[PDB]
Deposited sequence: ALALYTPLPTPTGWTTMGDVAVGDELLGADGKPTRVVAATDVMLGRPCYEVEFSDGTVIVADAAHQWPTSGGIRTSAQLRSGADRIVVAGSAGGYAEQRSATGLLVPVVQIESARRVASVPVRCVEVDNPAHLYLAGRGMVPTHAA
């Protein structure tokens, strides 16, 4: 799950996680549109992490949100400064830090591509859907 205020790129522009509904198009890891097949209610009180990438993108996500790295899938709580790079399909960004922060409301989406990936944050960082 990602914070409601997380900007997500779409084929036409930018939406927030809070504004995502079933049937909306996000972008998959290949930069092409992918359809939202499910989207949770707002979830409150989840432990959250602030994940900062080498491109300047900062995403707040719950502790168990999953990220594709070159060494494996890692949750936000397991991400390591420097040691971890986001990799798809080609290196995308490096993890600079992941730190526990105050809880904010979050939501999960599921998307219709088999990799279960979509782009998130102003830098369009690949991340795993539920």
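What portions of the deposited sequence, indexed from 1, have no corresponding C-alpha atom in the structure? Deposited residues absent from the model fall in 90 to 105 alone.
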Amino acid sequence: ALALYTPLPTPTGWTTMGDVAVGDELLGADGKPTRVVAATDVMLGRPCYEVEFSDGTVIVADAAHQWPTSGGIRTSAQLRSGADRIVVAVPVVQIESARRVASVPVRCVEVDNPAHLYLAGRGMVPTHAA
From here on, numbers count along this sequence of modelled residues.
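Identify the stretch, either 76 to 84 or 96 to 104, whose C-alpha atoms have the larger mean B-factor according to the entry. Mean C-alpha B-factor is greater for 76 to 84.
Segment of higher mean CA temperature factor, 60 to 68 or 41 to 49: Per the PDB entry, the higher value belongs to 41 to 49.
For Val20, does the deposited CA B-factor place it in the lowest, middle or highest third of the chain? Middle third, going by the recorded CA B-factors of the chain.
What third of the chain does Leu8 rank in for C-alpha temperature factor, lowest, middle or highest? Answer is lowest: the recorded C-alpha B-factor places it there.
Please say which third, lowest, middle or highest, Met124 falls into when its CA temperature factor is compared across its chain. Answer is lowest: the recorded C-alpha B-factor places it there.
State the tercile, meaning the lowest, middle or highest third, of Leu2 with respect to the CA B-factors recorded for its chain. Bottom third by C-alpha B-factor.
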